[PDB]
Structure formats: C-alpha cells, structure tokens
Amino acid sequence: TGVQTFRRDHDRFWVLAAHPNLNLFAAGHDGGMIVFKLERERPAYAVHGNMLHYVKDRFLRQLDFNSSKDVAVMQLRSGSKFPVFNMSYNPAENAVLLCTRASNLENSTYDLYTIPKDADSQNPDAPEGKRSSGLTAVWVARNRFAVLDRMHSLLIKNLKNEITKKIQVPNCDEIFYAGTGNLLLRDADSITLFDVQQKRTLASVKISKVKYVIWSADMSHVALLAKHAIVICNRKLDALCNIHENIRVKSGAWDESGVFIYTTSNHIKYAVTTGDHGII
Amino acid sequence: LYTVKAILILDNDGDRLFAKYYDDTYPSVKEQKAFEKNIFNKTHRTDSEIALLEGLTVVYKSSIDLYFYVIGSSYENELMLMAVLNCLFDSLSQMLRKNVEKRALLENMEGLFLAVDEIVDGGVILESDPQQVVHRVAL
Amino acid sequence: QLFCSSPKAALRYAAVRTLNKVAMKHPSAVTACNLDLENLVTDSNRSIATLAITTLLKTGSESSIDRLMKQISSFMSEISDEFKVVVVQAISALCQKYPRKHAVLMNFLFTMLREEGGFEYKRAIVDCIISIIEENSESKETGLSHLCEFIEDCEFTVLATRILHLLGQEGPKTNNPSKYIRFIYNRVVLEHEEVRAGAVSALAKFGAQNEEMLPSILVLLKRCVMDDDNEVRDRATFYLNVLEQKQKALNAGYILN
Amino acid sequence: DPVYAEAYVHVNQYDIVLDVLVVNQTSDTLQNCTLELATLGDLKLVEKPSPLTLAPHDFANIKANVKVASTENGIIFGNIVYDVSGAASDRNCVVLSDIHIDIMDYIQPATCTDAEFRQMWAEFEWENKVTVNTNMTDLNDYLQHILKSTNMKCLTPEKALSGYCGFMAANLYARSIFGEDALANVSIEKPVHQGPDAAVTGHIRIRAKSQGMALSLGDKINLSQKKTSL
C-alpha cells in the first residue's frame with residue numbers, strides 16, 4: 001500500500017536503487033542525486049556465556065564468534081533483527097527480555113524469549129517466554145528498580161529478579177514525558193536513583209551515560225558508557241579513569257568490571273592490568 | 001500651504017536646472033548643493049515610492065532623463081502631494097506633446113517656468129490638475 | 001490597514017511609528033501578527049522597509065521569529081532600499097527596548113550586530129552603549145564580557161574613546177576585579193600611547209575606590225606596569241610623578257574631582 | 001591473520017617514517033598485493049621494500065621513508081587516502097585516509113620588535129581566535145608545557161609579573177617548516193589563591209593566514225592546552 005509520498009525536488013528521474021551489498025540506499029534523478037546512510041546509532045544487547053548480543057545501528061546480527069570475513073550472528077537469540085525499543089539480558093545463559101513493535105505507540109509488545117529457543121512471541125505460560133504489552137523497559141539506579149513503561153509513560157518496574165517484566169504506575173512523576181534514559185536520564189545528565197513511587201528524590205549523581213550504563217554482565221557494571229567517551233568506574237561513581245578517543249563510531253571492551261580492552265588498529269590491545277598494559 | 005521648500009528639477013548629475021525655493025529659510029547656493037548632494041548622491045537617480053527625509057516629505061521623482069525633487073514636510077499627505085508631482089509630468093507631456101528630457105530641457109527652460117508659477121506659487125499650491133491650465137495657457 | 005497594506009498609501013509606515021500609536025492590549029496584540037508579517041515578508045519598498053521596523057516593534061515580537069529574521073536581515077540590511085538607515089532607526093529603537101536589558105537578547109543581538117555588521121554598527125553603538133548606561137545595566141558581567149571581547153576584534157578606536165570615558169567613572173562599584181583587570185590590561189595592550197593611556201585614566205576613579213582586593217595591590221601595580229617611549233615614558237613617569245607629588249590618598253581626592 | 005601486520009608511524013627527525021610490521025605469520029611468503037607512490041604534501045612518499053611474499057610464520061619490517069620537504073598535496077591536515085591493496089594473497093587490504101597529522105609540533109618559535117610587532121599584530125590575518133579558559137595547572141608549568149609541546153615562542157616579558165597574579169598578556173610568535181609565521185596575543189588571568197587563575201577566560205587570538213588552518217591551530221592548541229584521554 002502507498003504509505004506516503006515524499007517530495008524533495010527533481011521533477012524528473014529514472015532510477016532508484018538499493019544496494020545488493022545493501023550497504024546504502026540512494027535515488028537517482030535528472031537534476032541530480034542523493035545517498036542516505038542508516039543507523040540506530042547505538043543499539044541494544046544481552047550476554048550469555050562467551051557470547052555477545054547486538055542489536056543493529058545498521059547491520060544484522062553479529063552476535064558472537066566469527067569464521068571468515070564478517071559474520072552476523074544468526075541464532076535463536078535474534079538480536080540485531082527485530083523492531084527493538086529495548087533489549088536487556090534477563091540473565092541465565094538461557095533468558096532475554098525484548099520489546100518489539102519498538103517505537104512510540106500507546107504501548108508495544110514485548111515478547112521475552114528463551115535462549116534455548118526464542119520465538120515470534122515466546123510462551124506466556126513459560127516465564128522465560130512471556131509477552132505482554134508495554135512500550136519500553138529501562139533500568140534505573142540502586143540496581144533492582146527498573147522502569148517499565150506500560151502506559152506510554154512512567155511505570156516503574158521493580159523486581160528482585162531480573163527476569164522481570166513488572167508493571168508499576170506509582171512513580172508516575174513526569175516533568176519529563178515518555179522519552180529515553182536508563183538510569184534515568186531524560187537527558188538528566190545524571191543517573192538518578194529511586195524505589196517504586198516516591199515524590200522526593202533519593203538522590204541523583206552528576207555523571208552521564210551513552211544513555212546506557214554498563215554493567216559487568218548482568219546488571220552491576222561500574223563501567224560506563226557515554227555516548228562519545230565512556231567512563232570507567234567501578235560500581236557506581238568512582239571515576240577510576242575516564243576514557244576518550246574521538247572517532248564517533250566504535251568500541252572498547254570490558255571483561256567484567258573495568259577490564260580495559262581497547263582496540264588498536266590491526267592490533268587489539270589491553271589498555272591495562274595490575275600495573276600492566278598489553279597486546280594480546 | 002506656503003509649503004514648498006523648493007521644488008527643483010534637477011539633473012541627475014546633481015545639477016539643478018531649476019530650483020525655486022518657494023519657501024526657504026536656509027541658504028547658500030553651495031549649501032543647497034550640499035544638501036542636494038547628500039540626498040541626491042544617495043538617491044542617485046533612484047528615488048523611492050515614498051521618501052521622508054528630515055521628517056519632511058521628500059517627494060521626488062525621476063523621469064527617463066530628469067530628477068524631480070520637491071521638498072515639503074511630512075506633515076501633508078502623499079496622495080495629494082504626489083498628485084501635484086504627477087501633474088507636473090503629465091501636463092508637460094501632453095501639452096508639449098512631449099514630457100521632460102535632458103534635450104528638451106536644453107532647448108528651452110521657459111515653458112517649465114511658465115507652468116511652474118502657475119501651478120504653484122511659493123509654499124501654497126494654488127493648483128494640481130492640467131486642464132484648467134491647458135485652456136488657460138495658450139502660449 | 002489591509003487595504004493600504006501594500007503601498008496604496010506608502011503612508012502607512014509612518015503611522016505605526018506613532019501617528020497611529022501601538023503598544024497594544026493583550027489579545028489585541030496576537031491579532032496583529034499577519035499584517036506585520038506581510039511587510040516583514042515583502043522586504044521591499046522604502047515605504048516597506050520602514051514599515052517593517054515600526055510594525056514589528058510596536059506590536060513587539062517573539063524571540064523565535066527574530067531568529068529567522070536575523071538571517072533575513074543578514075542579507076537585507078546593507079542596501080535593500082538602503083536598509084541601513086531604517087535599520088539604524090530601528091536599531092535605535094532596539095537599544096531602547098532592550099538597552100543592555102534582556103541581556104541575553106542584547107548579547108544575541110550583540111553577536112549578531114557585530115556579525116551582520118558591514119561596519120555600520122559603530123554608529124549604532126553610539127546609541128547602544130548609551131542605552132546600556134541608561135539602564136545602568138547589571139548583567140554587565142556578561143554584557144561587558146561580550147563588549148570587551150568583541151570590541152577586541154570588532155575594532156574602531158573611536159568607540160573605545162567613548163566607552164573609556166564611561167568606564168572611567170564606573171569601576172569598583174561593579175566588582176569582578178580580576179576580569180576587569182584582565183580586560184584592562186588588554187585594552188592597553190594595543191599600541192597607541194593613546195590606547196594605552198585610557199586604562200590609566202579610567203583607573204583613577206577606580207583606583208581611588210579600590211575593590212574586592214585593590215588598595216595594596218593598587219599601590220603595587222603602577223610599579224609593576226611601567227613604560228618608556230619618552231612621552232609615553234613621560235606618561236608613566238608623570239602619572240607617577242603626579243602620584244609622586246600628592247599623598248596618594250589626597251591625590252586621588254583632588255584629581256578625581 | 002597469521003600474517004598480522006601492525007604498524008605505526010614514527011617520525012623521526014623530519015622524516016616521517018613508517019614502521020611496518022608486516023608479520024607474515026602466514027603459512028608462506030603468501031603472495032602480496034600492490035602498493036602505489038604519490039606526491040604528497042611538502043613530502044612525498046618515497047619508498048617501498050620491493051618484494052611481495054608474506055614469508056611463512058615470519059616477521060618483517062617494512063619501511064617507508066617518506067620524503068619530508070616536498071610533494072604538495074593540499075589535502076590539509078593530511079588526511080588523505082592511502083592505499084595498501086588487495087592485489088595478491090589478499091582479496092582486500094586497507095585503504096585508509098590518515099588522520100593523525102597535526103600542527104602543534106611543526107611550527108618552531110620565532111621572534112620580533114615589539115612596537116612593530118604590535119603594529120603588526122593588528123596588521124596580520126586577524127581572522128582566528130580560540131579561548132583559553134580551563135586546565136589542571138598554573139600557566140607557569142602549564143605555559144611551559146604548552147610552549148614545549150608546540151615548540152613555539154612567546155616573544156617578550158614585562159615584569160608585571162606572572163606571579164602575584166600576573167595580569168599579563170603574552171605575545172607569541174612562531175615560524176614553521178614550510179614557513180608560515182603565526183602571531184598570538186593571548187590575554188590571561190593566572191593562578192594564585194583567592195586572586196586570579198585556575199581557568200582563564202583569556203582569549204587566545206590566533207592569526208594564521210588561512211582561517212581554516214588558523215582557527216584549527218587555535219583548536220590544536222586547544223587540544224594541546226590540557227592534558228587528558230585522547
């Protein structure tokens with residue numbers, strides 16, 4: 001069906017193309033031409049034993065291990081694929097929680113899936129499969145409270161478990177209407193810590209995120225992402241060292257809390273250990 | 001109403017080949033030129049739909065060969081004021097069968113002169129339409 | 001209004017400036033936007049250019065639209081019926097509605113003023129500075145901050161004379177000493193015996209008053225900063241010598257007045 | 001790949017020289033691709049070790065001298081695309097544009113008579129400035145550090161006092177390897193208890209002929225100014 005028409009000059013064309021590399025997409029015309037580049041600049045994750053999960057900025061999976069030139073990780077833990085609002089490991093070497101239909105709606109669906117075998121929606125019967133409705137689900141500080149959006153605005157999600165899908169309107173507190181943050185930062189420029197309702201801050205610390213906080217696997221990483229720059233902390237704000245580079249693209253890695261791997265050309269390097277620095 | 005500071009028909013070489021200061025209270029042929037200069041140099045054959053200079057109305061025109069100046073005060077509406085200015089082009093044109101030119105100017109002044117006194121006389125516009133004139137005059 | 005609203009009576013411009021006065025009443029004002037928008041839009045007709053400034057002014061404006069306009073203006077102002085003059089008039093009005101006040105605007109304006117420039121701002125400046133003083137503006141730290149900086153790299157010695165004179169009086173009633181010093185040094189930095197000279201003269205009202213740290217140091221400084229170049233030498237020597245000649249406390253009292 | 005090649009640049013005295021490790025930890029002097037020469041900037045790249053084997057399990061030093069006084073290429077800040085090619089035991093390779101090519105280094109200090117200077121200062125290509133404000137140090141150590149880093153000149157003192165405050169504006173001049181003279185007046189607050197300086201809010205006024213390099217220089221220096229995670 002005709003979705004929409006888009007107008008941007010050239011009352012005269014004869015070609016359109018989408019790459020068979022699929023890299024790029026472009027449209028050709030008489031008066032001239034345009035190329036546009038896609039990305040979900042920065043895009044969601046989960047960890048399960050010796051394996052990385054990615055959600056594409058652009059590009060498909062690449063969700064661990066490799067074999068020849070480049071390999072997008074196709075597995076039963078479909079990462080870079082779905083229509084993501086948010087992806088978070090529900091730790092287990094066997095579980096993930098996933099929101100799909102992404103976007104802004106009233107609310108989306110989340111279908112949470114088992115690593116043993118994901119599905120279109122996994123079983124509501126199963127609690128490593130559950131799906132329900134809800135717009136986004138988000139971490140928040142002092143680590144077990146969570147945000148869920150299950151209204152198109154502030155629901156708090158809080159559970160001891162991180163196989164979690166909990167719904168909590170209390171903590172309704174707008175003054176920031178449904179948008180994006182993850183230890184609370186509707187561009188707070190702070191990660192702000194809370195419980196399940198309160199109308200009085202516990203506290204906010206001034207530090208900042210990639211709009212994600214990096215936990216050393218599950219949900220306790222004082223290793224921090226920042227969008228450009230990333231900072232290394234131990235759990236919570238202890239600024240251990242602060243990272244910056246200036247290429248507005250890539251990554252550097254932690255094994256656990258603050259194990260600093262840095263990539264260095266055709267050389268891949270440990271930034272540092274004990275009092276050491278190394279090329280593995 | 002004893003309102004013409006001068007009406008000048010100026011060349012667009014900043015020259016003035018007509019000026020009558022109908023009314024005046026400032027002088028000098030020089031200052032007149034100077035005053036002229038600032039504005040003329042500035043308008044430089046270009047004119048404006050309207051122009052106010054000095055809080056004073058400047059209605060000025062250009063032809064196809066000549067620059068028309070009237071100085072008056074913005075203290076008396078355009079439409080009329082212009083009407084006289086209009087009257088000036090038009091009658092001269094019809095009557096003569098020709099409007100102003102540099103050439104025209106060069107052959108004889110007098111007619112302008114003749115007209116001018118009739119139309120206006122000082123700071124009071126006695127008249128602003130041709131016809132009356134046209135009959136009235138017969139030179 | 002409408003009928004006129006395109007140079008029927010190119011007369012319409014004048015009126016808004018006063019003859020038909022405007023400073024509005026609140027719902028009434030909202031209604032006005034369209035008409036001004038036509039002129040604002042049209043940008044033409046000497047009668048138009050003037051009209052744009054008065055209408056917009058009288059009715060007032062939102063911040064936002066200004067923004068669009070700043071660009072428009074960027075091209076426009078130079079000649080666009082010889083926009084500069086109407087604009088200087090407009091500008092004189094700007095300095096008045098905000099003469100260093102809505103300082104954010106003043107600064108936005110300032111940046112813009114200098115920027116859109118040509119040169120023709122200087123004339124305007126004579127007014128603008130005057131406006132700021134009229135308020136006796138208080139976001140000076142900032143206001144001054146822009147002025148200082150820009151003027152530095154927005155040049156014209158002549159401006160400096162005026163401002164100097166004013167500044168000359170003001171000093172430590174508005175503090176921020178290090179900065180102010182910081183500036184002052186700079187002002188001098190420039191050559192010209194003359195440019196240099198002003199920083200000392202301004203200083204006399206200032207010195208005398210001293211500020212959040214000054215008397216001791218005030219005494220120390222004239223010493224620390226010293227110059228030859230004969231008559232420039234002399235200026236240092238003489239001020240000193242003059243200084244030399246009265247109990248500096250007394251010295252300050254007589255001279256200052 | 002076994003063949004791992006690691007490389008970095010060493011610029012050793014004029015000569016920007018290319019350390020290359022191509023280590024061919026390959027299972028053989030695997031066939032190698034292709035390489036191409038070029039005019040460069042006031043440099044030209046100028047050497048290739050000839051062979052194209054990727055000798056087995058083997059490590060090699062491949063040197064590129066570059067020619068450091070010629071080859072104009074006006075692709076500023078360098079950052080010009082460079083090729084290592086996929087042309088033989090290789091299906092791809094690296095095509096790269098450089099980055100890593102900056103100013104602070106290039107220019108050497110250079111000097112002037114002050115009156116003339118001032119006159120000149122004003123006179124020069126006005127067109128660039130950047131601000132100094134913020135650091136980790138006093139401009140004593142800080143200034144020295146910056147100075148050494150860019151290898152550039154502050155022309156003259158007046159004792160007024162870079163100490164008690166100073167409320168000093170420092171005039172700096174430098175001349176480079178391909179000869180641009182760059183002028184500064186930076187005017188700066190300066191550290192000292194409850195007096196002033198642990199920021200600046202001093203303005204660095206940069207004049208260099210093109211604004212584009214000039215401002216860029218102001219930046220470059222801005223990079224230089226402080227000491228933090230690149």
# chains A, B, ... in the order shown; residues from 1 in each chain; ligands from 1

$ interface_residues --of "chain A" --to "chain D" --cutoff "10 Å" --atoms "only C-alpha atoms" --output "PyMOL selection string"
chain A and resi 229+241-246+264-268

$ write_last_selection --atoms "N, CA, C and O atoms" --output "short mmCIF file (atom, residue, chain, number, x, y, z; two decimals), in the first residue's frame"
data_model
loop_
_atom_site.label_atom_id
_atom_site.label_comp_id
_atom_site.auth_asym_id
_atom_site.auth_seq_id
_atom_site.Cartn_x
_atom_site.Cartn_y
_atom_site.Cartn_z
N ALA A 229 32.99 9.32 24.35
CA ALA A 229 33.60 8.97 25.61
C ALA A 229 32.76 7.92 26.27
O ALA A 229 31.60 7.72 25.96
N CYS A 241 39.01 6.15 35.88
CA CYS A 241 39.77 6.74 34.85
C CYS A 241 38.62 7.13 34.01
O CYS A 241 37.48 6.77 34.30
N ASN A 242 38.89 7.97 33.01
CA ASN A 242 37.85 8.40 32.13
C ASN A 242 38.38 8.30 30.75
O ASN A 242 39.43 8.82 30.42
N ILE A 243 37.63 7.64 29.89
CA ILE A 243 38.01 7.33 28.56
C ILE A 243 37.61 8.33 27.54
O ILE A 243 36.44 8.69 27.50
N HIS A 244 38.48 8.65 26.58
CA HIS A 244 38.04 9.39 25.45
C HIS A 244 39.07 9.13 24.40
O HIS A 244 40.15 8.66 24.72
N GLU A 245 38.63 9.31 23.13
CA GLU A 245 39.20 8.81 21.92
C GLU A 245 39.04 9.76 20.76
O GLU A 245 40.02 10.32 20.28
N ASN A 246 37.81 10.00 20.30
CA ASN A 246 37.43 10.77 19.15
C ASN A 246 37.49 10.10 17.82
O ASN A 246 38.11 10.55 16.87
N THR A 264 43.30 -1.54 18.75
CA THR A 264 44.34 -0.67 18.32
C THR A 264 44.85 -1.06 16.97
O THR A 264 45.95 -1.55 16.83
N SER A 265 44.05 -0.78 15.93
CA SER A 265 44.40 -0.95 14.53
C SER A 265 44.12 -2.35 14.08
O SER A 265 43.03 -2.85 14.24
N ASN A 266 45.19 -3.04 13.65
CA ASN A 266 45.23 -4.43 13.30
C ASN A 266 45.86 -4.98 14.52
O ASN A 266 46.32 -6.10 14.54
N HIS A 267 45.87 -4.24 15.63
CA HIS A 267 46.40 -4.78 16.80
C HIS A 267 45.21 -4.57 17.69
O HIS A 267 44.43 -3.65 17.55
N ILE A 268 44.98 -5.46 18.63
CA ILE A 268 43.86 -5.41 19.53
C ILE A 268 44.44 -5.28 20.89
O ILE A 268 45.26 -6.14 21.18
#

$ interface_residues --of "chain C" --to "chain D" --cutoff "10 Å" --atoms "only C-alpha atoms" --output "count of residues only"
29

$ interface_residues --of "chain C" --to "chain B" --cutoff "12 Å" --atoms "only C-alpha atoms" --output "PyMOL selection string"
chain C and resi 6-15+19+44-51+79-82+85-86

$ atom_distance --atom1 "atom CA of residue D:223" --atom2 "atom CA of residue D:102"
10.5 Å

$ atom_distance --atom1 "atom CA of residue D:174" --atom2 "atom CA of residue D:152"
5.2 Å

$ atom_distance --atom1 "atom CA of residue B:115" --atom2 "atom CA of residue B:82"
16.8 Å

$ residues_around --residues "residue C:33" --least-positions-apart "5" --cutoff "10 Å" --atoms "only C-alpha atoms" --output "list in words"
residues 28, 38, 55, 56, 59, 60 and 61 of chain C

$ residues_around --residues "residue A:97" --least-positions-apart "2" --cutoff "7 Å" --atoms "only C-alpha atoms" --output "PyMOL selection string"
chain A and resi 87-90+112-113

$ residues_around --residues "stretch 70-74 of chain D" --least-positions-apart "3" --cutoff "10 Å" --atoms "only C-alpha atoms" --output "CSV table (one decimal) with C-alpha atoms, in the first residue's frame"
chain,number,residue,atom,x,y,z
D,38,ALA,CA,52.5,9.6,-4.8
D,39,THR,CA,53.2,13.2,-4.5
D,40,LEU,CA,52.4,14.2,-1.2
D,41,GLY,CA,52.4,17.5,0.6
D,42,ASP,CA,55.7,19.1,1.3
D,43,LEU,CA,56.7,15.5,1.5
D,44,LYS,CA,56.3,12.8,-0.9
D,45,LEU,CA,56.2,9.2,0.0
D,66,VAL,CA,58.5,9.5,3.2
D,67,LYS,CA,60.1,12.5,1.7
D,77,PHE,CA,45.9,18.1,7.9
D,78,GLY,CA,46.9,15.3,5.7
D,80,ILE,CA,44.4,11.7,2.6
D,178,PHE,CA,57.1,25.4,5.3

$ residues_around --residues "residue A:234" --least-positions-apart "6" --cutoff "9 Å" --atoms "only C-alpha atoms" --output "number ranges by chain"
A: 221-224, 240, 257-258

$ residues_around --residues "residue A:131" --least-positions-apart "2" --cutoff "12 Å" --atoms "only C-alpha atoms" --output "PyMOL selection string"
chain A and resi 96-100+108-114+118-129+133-135+164-166

$ write_last_selection --atoms "C-alpha atoms" --output "short mmCIF file (atom, residue, chain, number, x, y, z; two decimals), in the first residue's frame"
data_model
loop_
_atom_site.label_atom_id
_atom_site.label_comp_id
_atom_site.auth_asym_id
_atom_site.auth_seq_id
_atom_site.Cartn_x
_atom_site.Cartn_y
_atom_site.Cartn_z
CA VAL A 96 16.42 -12.40 27.32
CA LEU A 97 13.77 -9.61 27.67
CA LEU A 98 12.80 -7.95 24.41
CA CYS A 99 10.36 -5.08 23.35
CA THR A 100 9.14 -5.11 19.85
CA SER A 108 4.21 -2.03 22.11
CA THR A 109 4.60 -5.75 22.74
CA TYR A 110 7.39 -7.34 24.47
CA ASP A 111 7.89 -10.83 23.91
CA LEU A 112 10.62 -12.10 26.17
CA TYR A 113 12.43 -15.13 24.89
CA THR A 114 14.38 -18.22 25.94
CA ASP A 118 13.35 -17.76 21.01
CA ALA A 119 10.04 -17.22 19.23
CA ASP A 120 7.72 -14.78 17.45
CA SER A 121 6.41 -14.36 20.83
CA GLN A 122 7.54 -16.99 23.35
CA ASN A 123 5.11 -18.70 25.81
CA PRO A 124 3.18 -16.61 28.41
CA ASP A 125 2.98 -19.89 30.07
CA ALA A 126 6.71 -20.05 30.23
CA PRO A 127 8.29 -17.27 32.34
CA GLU A 128 11.48 -17.27 30.11
CA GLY A 129 8.97 -16.71 27.23
CA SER A 133 2.02 -5.33 26.14
CA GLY A 134 4.22 -2.43 27.32
CA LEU A 135 6.11 0.40 25.44
CA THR A 164 11.39 -9.13 35.17
CA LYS A 165 8.56 -7.65 33.32
CA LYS A 166 6.91 -5.80 36.27
#

$ select_by_dssp --residues "stretch 46-193 of chain D" --states "alpha helix (DSSP H)" --output "PyMOL selection string"
chain D and resi 114-123+141-150

$ select_by_dssp --residues "stretch 11-123 of chain B" --states "strand (DSSP E)" --output "PyMOL selection string"
chain B and resi 16-20+51-53+56-62+67-71

$ write_last_selection --atoms "N, CA and C atoms" --output "PDB file, in the first residue's frame"
ATOM      1  N   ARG B  16      20.974  71.040 -11.019  1.00  0.00           N
ATOM      2  CA  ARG B  16      19.776  71.616 -10.668  1.00  0.00           C
ATOM      3  C   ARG B  16      19.737  72.489 -11.799  1.00  0.00           C
ATOM      4  N   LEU B  17      18.653  72.446 -12.543  1.00  0.00           N
ATOM      5  CA  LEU B  17      18.469  73.464 -13.512  1.00  0.00           C
ATOM      6  C   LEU B  17      17.238  74.170 -13.250  1.00  0.00           C
ATOM      7  N   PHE B  18      16.640  73.805 -12.145  1.00  0.00           N
ATOM      8  CA  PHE B  18      15.541  74.522 -11.749  1.00  0.00           C
ATOM      9  C   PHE B  18      15.625  74.360 -10.328  1.00  0.00           C
ATOM     10  N   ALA B  19      15.394  75.484  -9.684  1.00  0.00           N
ATOM     11  CA  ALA B  19      15.078  75.469  -8.332  1.00  0.00           C
ATOM     12  C   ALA B  19      14.417  76.736  -8.177  1.00  0.00           C
ATOM     13  N   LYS B  20      13.442  76.646  -7.305  1.00  0.00           N
ATOM     14  CA  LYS B  20      12.687  77.714  -6.836  1.00  0.00           C
ATOM     15  C   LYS B  20      12.652  77.226  -5.493  1.00  0.00           C
ATOM     16  N   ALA B  51       9.661  59.009   0.032  1.00  0.00           N
ATOM     17  CA  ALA B  51      10.823  59.198   0.871  1.00  0.00           C
ATOM     18  C   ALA B  51      10.549  60.414   1.725  1.00  0.00           C
ATOM     19  N   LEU B  52      11.070  60.305   2.939  1.00  0.00           N
ATOM     20  CA  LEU B  52      10.941  61.203   4.020  1.00  0.00           C
ATOM     21  C   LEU B  52      12.278  61.489   4.343  1.00  0.00           C
ATOM     22  N   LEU B  53      12.636  62.712   4.337  1.00  0.00           N
ATOM     23  CA  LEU B  53      13.918  62.931   4.808  1.00  0.00           C
ATOM     24  C   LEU B  53      13.541  64.084   5.536  1.00  0.00           C
ATOM     25  N   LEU B  56      10.283  65.253   6.850  1.00  0.00           N
ATOM     26  CA  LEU B  56       9.843  66.141   5.933  1.00  0.00           C
ATOM     27  C   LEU B  56       9.650  65.256   4.861  1.00  0.00           C
ATOM     28  N   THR B  57       8.717  65.597   4.039  1.00  0.00           N
ATOM     29  CA  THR B  57       8.417  64.767   2.985  1.00  0.00           C
ATOM     30  C   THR B  57       9.339  65.147   1.929  1.00  0.00           C
ATOM     31  N   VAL B  58       9.860  64.144   1.268  1.00  0.00           N
ATOM     32  CA  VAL B  58      10.628  64.402   0.113  1.00  0.00           C
ATOM     33  C   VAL B  58       9.790  63.677  -0.885  1.00  0.00           C
ATOM     34  N   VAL B  59       9.290  64.360  -1.925  1.00  0.00           N
ATOM     35  CA  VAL B  59       8.714  63.606  -2.995  1.00  0.00           C
ATOM     36  C   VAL B  59       9.521  64.044  -4.089  1.00  0.00           C
ATOM     37  N   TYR B  60       9.955  63.050  -4.760  1.00  0.00           N
ATOM     38  CA  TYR B  60      10.930  63.237  -5.701  1.00  0.00           C
ATOM     39  C   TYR B  60      10.517  62.231  -6.601  1.00  0.00           C
ATOM     40  N   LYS B  61      10.996  62.409  -7.796  1.00  0.00           N
ATOM     41  CA  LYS B  61      10.736  61.536  -8.832  1.00  0.00           C
ATOM     42  C   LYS B  61      11.957  61.681  -9.641  1.00  0.00           C
ATOM     43  N   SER B  62      11.930  60.907 -10.714  1.00  0.00           N
ATOM     44  CA  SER B  62      12.907  60.661 -11.719  1.00  0.00           C
ATOM     45  C   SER B  62      12.030  60.681 -12.963  1.00  0.00           C
ATOM     46  N   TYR B  67      15.464  64.517 -12.825  1.00  0.00           N
ATOM     47  CA  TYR B  67      15.148  64.178 -11.469  1.00  0.00           C
ATOM     48  C   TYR B  67      14.472  65.347 -10.925  1.00  0.00           C
ATOM     49  N   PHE B  68      13.420  64.976 -10.274  1.00  0.00           N
ATOM     50  CA  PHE B  68      12.426  65.821  -9.843  1.00  0.00           C
ATOM     51  C   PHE B  68      12.579  65.712  -8.419  1.00  0.00           C
ATOM     52  N   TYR B  69      12.471  66.860  -7.832  1.00  0.00           N
ATOM     53  CA  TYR B  69      12.582  66.991  -6.474  1.00  0.00           C
ATOM     54  C   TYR B  69      11.479  67.884  -6.156  1.00  0.00           C
ATOM     55  N   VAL B  70      10.817  67.594  -5.057  1.00  0.00           N
ATOM     56  CA  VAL B  70      10.056  68.544  -4.347  1.00  0.00           C
ATOM     57  C   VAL B  70      10.441  68.312  -2.947  1.00  0.00           C
ATOM     58  N   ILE B  71      10.609  69.371  -2.158  1.00  0.00           N
ATOM     59  CA  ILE B  71      10.777  69.173  -0.764  1.00  0.00           C
ATOM     60  C   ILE B  71       9.716  69.977  -0.164  1.00  0.00           C
TER      61      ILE B  71
END
